[PDB]
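Listed here are the chains, written in short residue letters.
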There are 2 protein chains.
Amino acid sequence: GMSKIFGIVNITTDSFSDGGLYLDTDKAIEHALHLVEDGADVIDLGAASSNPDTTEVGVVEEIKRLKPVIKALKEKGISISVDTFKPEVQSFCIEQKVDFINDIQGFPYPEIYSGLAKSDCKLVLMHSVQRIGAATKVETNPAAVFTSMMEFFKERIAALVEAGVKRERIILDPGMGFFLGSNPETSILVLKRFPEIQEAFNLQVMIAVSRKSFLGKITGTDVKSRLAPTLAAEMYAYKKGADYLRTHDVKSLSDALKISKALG
Amino acid sequence: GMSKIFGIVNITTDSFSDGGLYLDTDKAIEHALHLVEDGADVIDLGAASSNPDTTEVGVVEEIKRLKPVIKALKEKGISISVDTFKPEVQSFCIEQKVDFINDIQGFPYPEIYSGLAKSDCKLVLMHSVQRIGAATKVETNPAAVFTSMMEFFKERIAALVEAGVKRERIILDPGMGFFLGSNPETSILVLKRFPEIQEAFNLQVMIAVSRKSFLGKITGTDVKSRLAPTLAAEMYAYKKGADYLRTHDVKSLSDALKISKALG
Ligand SMILES: C=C1CN=c2nc(N)[nH]c(=O)c2=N1
Ligand SMILES: C=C1CN=c2nc(N)[nH]c(=O)c2=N1
Ligand SMILES: Nc1ccc(C(=O)O)cc1
Ligand SMILES: Nc1ccc(C(=O)O)cc1
Ligand SMILES: [Cl-]
Ligand SMILES: [Cl-]
Ligand SMILES: [Cl-]
Ligand SMILES: [Cl-]
Ligand SMILES: [Cl-]
Ligand SMILES: [Cl-]
Ligand SMILES: [Cl-]
Ligand SMILES: [Cl-]
Ligand SMILES: [Cl-]
Ligand SMILES: [Cl-]
Ligand SMILES: [Mg+2]
Ligand SMILES: [Mg+2]
């Protein structure tokens, strides 16, 4: 199987790798259209970041950013994912009939589970060692993190299914980078063992490594020179059977996947 | 095993990807020093190109370009390879005591074999469908090219060994891109089957794909946007056990190899 590409379109001011570049509505639409041209299957819209240096974005402001971009992309028939962890914003996305809701908190509020069940959109259920809120910088034990993540998925999937969410709507994301720990060994272990998530839960898995900190620690590179380590980790994940890849440089990943497919 | 990196330093005017950038002596030395900083094990110096659009460079001019660069790099203890197919230039490299002579013609002139035997430098024996001269654009049958290449290596190795060249000095390069054919299928087959060269001859193999045309035909990219397809093919070759990789972007390849090593 070939991994599907989520194209990151950050409509923020403080995204760790491209904050402020696509804050304007038309520039965000133009960026999304370019990523689709580059081979993106889904456009992941994020009007609020979640890196350790992020600043809280209000719900009204977040919906204001997403509203005209969703409208323009839905007009073109583009599959839309929204990277939001705020239940009121997620409820707005259900009304807009987007294809995915991408929650770094993994839908931890059962009060809205009945509303999620009535929708038909797919749910990207992400695990993090923080569980609630944006990423932080904390050292973790890789084996213990993988074990707790496996238990977290099992309980959260069961809670959503018990509330009426169809199981096949759930896509699992183990988290990566600071969502797993400040030491890169935890991210490395998850990258090596994520097929065990597909096997245990029989659900698709998304891998999101693009430009993240742990790549820079292994190679000694800042965020602007992280294309090569990103591509190395993304094609490792593709070769290992990742169902979705969430990336910034869609064109480079697509070209790299075309070469890997021709050689494999 | 980890592939060794040959850093390309073109002291030419018409190299297909970076011609004219490092024609100046000090700029070529500065580029070579940067590539060593980026992780290059060997610096491959080429004062004359061999792409299909190349222009013949005189022997006197070629030696004039290489002479001060070799001197500066030898002062720093840098391992030097010289990409030259002219016997008089190769004789100059033997006098300079460089570590490698990289011949796209695979040393086809037995008149100089006795001189090659007395030297201690390693010999990069490259195969091409043209055999003599620079690359051309010609469509070829992949299976027939691989078969003829295997026979070419067998006869050329035996001729060099019979003349006194120690067998362990020979590094095999199957050729790539236009050296194999204008259709990318021939390059793809050689990339998939080059371990058979190591097995049959018990010699090291060099893979040189960086920015070459066949990558652009598979992905639909010009020479300036070929980093991602280059990295995809280079780490495929590394994972398959290539002993040497000849590349332009040493820093990107090194960073990519560090990630692949940490994940493998
Ligand atoms: C930087 C971020 C923001 N949103 C994400 N969303 C998902 N699903 N996975 C990530 O790793 C992730 N990284
Ligand atoms: C573009 C070039 C010039 N010199 C080379 N040298 C070797 N050994 N192999 C190549 O593929 C090669 N490509
Ligand atoms: N949202 C996130 C953005 C970046 C990182 C990281 O660099 O590890 C983690 C989370
Ligand atoms: N010397 C060479 C340079 C480039 C190519 C190629 O693009 O195929 C082939 C030979
Ligand atoms: Cl960007
Ligand atoms: Cl709701
Ligand atoms: Cl800590
Ligand atoms: Cl739960
Ligand atoms: Cl850097
Ligand atoms: Cl360059
Ligand atoms: Cl000689
Ligand atoms: Cl032809
Ligand atoms: Cl011969
Ligand atoms: Cl292009
Ligand atoms: Mg974001
Ligand atoms: Mg050259």
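Residues numbered from 1 in each chain as written, not as in the entry; some residues may be left out. Chains lettered and ligands numbered in written order. Heavy atoms only, no water.

Looking at the entry header, you'll see X-ray crystallography listed as the method and 2.06 Å as the resolution.

Per the PDB entry, chain A goes by Sulfonamide resistance enzyme Sul3 and derives from uncultured bacterium.

1. Regarding the overall build of chain A
A tally of helices and strands in chain A yields ten helices and eight strands. Relative to a compact globule of 264 residues, whose C-alpha radius of gyration would be 18 Å, chain A shows 17 Å and is just as compact. Dimensions of chain A, computed from C-alpha atoms along their principal axes, come out at roughly 40 × 40 × 35 Å. Looking at chain A as a whole, 58% of its 264 residues are labelled buried. Considering only contacts within chain A whose residues lie at least 6 apart along the sequence, 67% involve residues at least 24 apart. Of the roughly 10,700 Å² of accessible surface on chain A, a fraction of 51% belongs to carbon and sulfur atoms. Separation of charge centres in chain A, based on 32 positive and 35 negative side chains, amounts to 3 Å. (Helix = DSSP H or I, 4+ residues; strand = E, 2+ residues; numbered from the N terminus. Rg over C-alpha atoms; globule rule 2.2 N^0.38 Å. Buried < 20%, exposed > 50% of the residue type's maximum accessible area, 1.4 Å probe, protein only. Contact = heavy atoms within 4.5 Å. Areas by Shrake-Rupley, 256 points an atom, 1.4 Å probe, with all protein chains shown as cover. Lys, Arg positive; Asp, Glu negative; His and termini not counted. Charge placed at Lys NZ, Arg CZ, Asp CG, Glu CD.)

2. A few points about the packing of aromatic side chains
All names here are of chain B. In this structure the tally under the stated criterion is ten aromatic pairs over all chains. For the ring pair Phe 152 and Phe 153, a centre distance of 5.7 Å and an interplane angle of 45 degrees mean the geometry is tilted. A single burial state applies to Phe 152 and to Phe 153, both of which are buried. With a centroid separation of 6.1 Å and 85 degrees between ring planes, the pair formed by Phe 153 and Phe 201 is classed as edge-to-face. (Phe/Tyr/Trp six-rings, centres within 6.5 Å; stacked < 30°, edge-to-face > 60°.)

3. As for the site of ligand 4
Residues and elements named next belong to chain B. Residues in contact with ligand 4, as listed here, are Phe 16, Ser 50, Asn 51, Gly 177, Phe 178, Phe 179, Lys 212 and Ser 213. In this structure, an oxygen atom belonging to ligand 4 sits 2.9 Å away from a main-chain N or O atom of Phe 178. Between ligand 4 and the protein, one listed contact pairs an oxygen atom with a backbone N or O atom of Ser 213 at 2.8 Å. In isolation ligand 4 has 280 Å² of accessible area, and contact with the protein removes 92% of it. Partitioning the shell around ligand 4 into residue classes produces three nonpolar, four polar and one charged. (Near = heavy atom within 4 Å. Polar contact = N/O pair within 3.5 Å; in protein donor to acceptor, adjacent residues only side chain to side chain. Nonpolar A, V, L, I, M, F, W, Y, C, P; charged D, E, K, R; others polar.)

4. As for helix α3 (residues 87-96) of chain B
By the burial criterion, the buried members of α3 of chain B are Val 89, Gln 90, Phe 92, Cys 93, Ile 94 and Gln 96 of chain B. Structurally, α3 of chain B contributes buried residues whose contacts are with α2 (59-75), β3 (80-83), β4 (100-103) and α4 (113-118) of chain B.

5. Overview of the site of ligand 3
All names here are of chain A. For ligand 3, the full set of nearby residues is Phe 16, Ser 50, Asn 51, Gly 177, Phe 178, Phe 179, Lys 212 and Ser 213. Contact between ligand 3 and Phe 178: an oxygen atom at 2.9 Å from a main-chain N or O atom of the residue. Contacts to ligand 3 include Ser 213, whose backbone N or O atom sits 2.8 Å from an oxygen atom. Residues belonging to the shell around ligand 3 are distributed by class as follows: three nonpolar, four polar and one charged.

6. Examining the interface of chain A and chain B
Taken together, the 26 residues of chain A in the interface contact 26 residues of chain B. Together, the buried faces of chain A and chain B total about 2,100 Å²; carbon and sulfur atoms form 76% of this surface. When the area that chain A buries against chain B is broken down by residue, the three leading residues are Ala 228, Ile 259 and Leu 263 of chain A, summing to 30%. Taken together, the links from chain A to chain B amount to zero salt bridges. (Buried area = accessible area lost by both parts, 1.4 Å probe. Salt bridge = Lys/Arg side-chain N within 4 Å of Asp/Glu carboxyl O.)

7. Notes on the sheet that holds strand β5 (residues 122-126) of chain A
All names here are of chain A. Strand order in the open sheet made by the eight strands is β6-β5-β4-β3-β2-β1-β8-β7, with parallel pairing throughout. Each edge of the sheet is formed by a strand with only one pairing partner; in this case those strands are β6 (170-173) and β7 (206-207). Strand direction decides the pairing type here: strand β4 (residues 100-103) and β5, joined by four bridges, are parallel. Bridge pairing in β5 links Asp 103 to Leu 125. Across the sheet, helix α9 (residues 227-239) touches β7 and β8 (244-247), and the angle it forms with β8 is around 170 degrees. The strands that helix α10 (residues 250-263) touches are β1 (4-10) and β8; relative to β1, the one it contacts most, it runs at about 165 degrees. (Pairing = 2+ DSSP bridges. Axes fitted to C-alpha atoms, helices over the stretch in contact; angles between N-to-C directions.)

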